[PDB]
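> Give the three-dimensional model of this entry:
(2 chains)
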2 protein chains.
Amino acid sequence: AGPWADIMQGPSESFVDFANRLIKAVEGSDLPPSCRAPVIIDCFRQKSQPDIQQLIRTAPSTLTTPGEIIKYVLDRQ
Amino acid sequence: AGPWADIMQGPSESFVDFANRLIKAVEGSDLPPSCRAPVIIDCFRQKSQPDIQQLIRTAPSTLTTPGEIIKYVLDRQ
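Residues are numbered from 1 along each chain as shown, chains lettered A, B, ... in the order given. Let me share the structure:
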């Protein structure tokens, strides 16, 4: 699919649009299935727009899946 | 350490300098130990300068570790 490691949230892209693009690229990648979720998490933390990076880092340590982080961000927009 | 998913080979950087920076950042990351090598491999394929990306994709399917890919590239420079 798309080169997942190149994906960053662009200035006309919402967080969720970026999350969806990123996840699709990771799912289509050659990565071991068990690495998908931690790579997605790291890319949300590092590759979203800076304001979103700053919101994600306020999330509790108990939020450990991509879906939990997505709900955390969208519920605060 | 450094945000590994942001790392790309810059125009004044050699391939090996980029590989070393990338690997250090991945080693310092929160990634599961078993995901380090496949993430490194993917980042070499996607985040090096375009001419290097094109050289890496000529490598045999038998080269499966970061070190094998590093030797493949450096031995051809």
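
> Neighbours of residue A:52, how many?
Close neighbours of residue A:52, defined as other C-beta atoms under 10 Å in any protein chain shown, add up to 20. Just so you know, the C-beta spots here come from the backbone N, C-alpha and C atoms, and that holds for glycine as well.

> Check the one 5 residues further on too.
Other residues within reach of residue A:57 by the criterion other C-beta under 10 Å amount to 8.

> got it, and residue A:63?
Neighbours of residue A:63 under the rule other C-beta under 10 Å: 15.

> could you list every residue that touches it?
By C-beta atoms under 8 Å, 6 or more residues apart in numbering or on different chains, the contact set of residue A:63 is A:69, A:72.

> ditto for residue A:6
B:46-47.

> one more time with 7 Å
By C-beta atoms under 7 Å, 6 or more residues apart in numbering or on different chains, the contact set of residue A:6 is residue B:46.

> Run through the neighbouring helices and strands of the host helix or strand of residue A:74.
Using DSSP states H and E, residue A:74 falls within helix A:66-75. The helices and strands touching helix A:66-75, judged by 3 or more C-beta pairs under 7 Å, 6 or more residues apart in numbering or on different chains; DSSP states H and E, are helix A:15-27, helix A:36-47, helix A:50-56.

> between those, which one is nearest to chain B?
helix A:36-47 (4.3 Å; C-beta to the nearest C-beta).

> Dump the C-alpha coordinates for that closest one into CSV.
Presented in CSV, the C-alpha positions along helix A:36-47 are these (Å, rounded to 0.1, in the frame of the first residue of the first chain):
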residue,chain,number,x,y,z
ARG,A,36,1.1,-3.0,13.7
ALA,A,37,-0.5,-1.5,16.8
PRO,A,38,2.7,-0.2,18.5
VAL,A,39,3.9,1.3,15.2
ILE,A,40,0.5,3.0,14.7
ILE,A,41,0.7,4.4,18.3
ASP,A,42,4.2,5.8,17.8
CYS,A,43,3.2,7.3,14.5
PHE,A,44,0.1,9.0,16.0
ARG,A,45,2.4,10.4,18.7
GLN,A,46,5.1,11.6,16.3
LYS,A,47,3.5,12.3,12.9
